[PDB]
Amino acid sequence: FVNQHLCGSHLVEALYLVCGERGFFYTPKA
Amino acid sequence: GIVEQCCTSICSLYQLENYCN
Ligand SMILES: [Zn+2]
């Protein structure tokens, strides 16, 4: 794997691919 | 944290794995 630069919805797509059916938490700073 | 870091800098898939359930 390679390092990635992910912003916005593109990070949520990556999380979806990595975690799949385990699911995930998307927790941005406030 | 992860959100910011991936966008401001760079992040790896292994880092993202810390966010799976
Ligand atoms: Zn885009």
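Note that each Cβ is placed from the backbone with ideal geometry, even for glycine, and that neighbours are counted across all protein chains shown. Read-outs: derived from the displayed coordinates by stated rules, not from any lab.
In the stretch A:1-25, which residue that is part of a loop (DSSP other than H, G, I, E, B) and within 16 Å of the ligand (Cβ to nearest atom) is farthest from the other protein chains (Cβ to nearest Cβ)?
The first filter runs over the stretch A:1-25 and keeps only residues part of a loop (DSSP other than H, G, I, E, B), leaving A:1-3, A:5-8, A:23, A:25.
Then keep just the ones that are within 16 Å of the ligand (Cβ to nearest atom); that gives A:5-8.
Details: A:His5: 5, A:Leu6: 4, A:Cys7: 4, A:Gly8: 8 Å.
Among them, the one singled out is A:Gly8.
Report every pair of residues separated by at least 6 positions or lying on different chains whose Cβ atoms are under 8 Å apart, first residue within the stretch A:6-30 and of a type in the set (S, T, N, Q), second surrounded by 12 or more Cβ atoms within 10 Å (Cβ to Cβ).
These pairs meet every condition: A:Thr27/B:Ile2; A:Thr27/B:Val3; A:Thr27/B:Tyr19.
Considering the stretch A:13-30 alone, what residues qualify as being surrounded by 12 or more Cβ atoms within 10 Å (Cβ to Cβ) and over 12 Å from B:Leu13 (Cα atoms)?
Kept after step one, since they are surrounded by 12 or more Cβ atoms within 10 Å (Cβ to Cβ), are these residues of the stretch A:13-30: A:14-16, A:18-19, A:24.
Across the stretch A:13-30, the qualifying residue is only A:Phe24.
Cβ-Cβ distance below 7 Å, separation of 6 or more or different chains: which pairs start in chain B with a residue that is acidic (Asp, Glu) and end on one that is surrounded by 16 or more Cβ atoms within 10 Å (Cβ to Cβ)?
From chain B, the pairs are B:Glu17/A:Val18.
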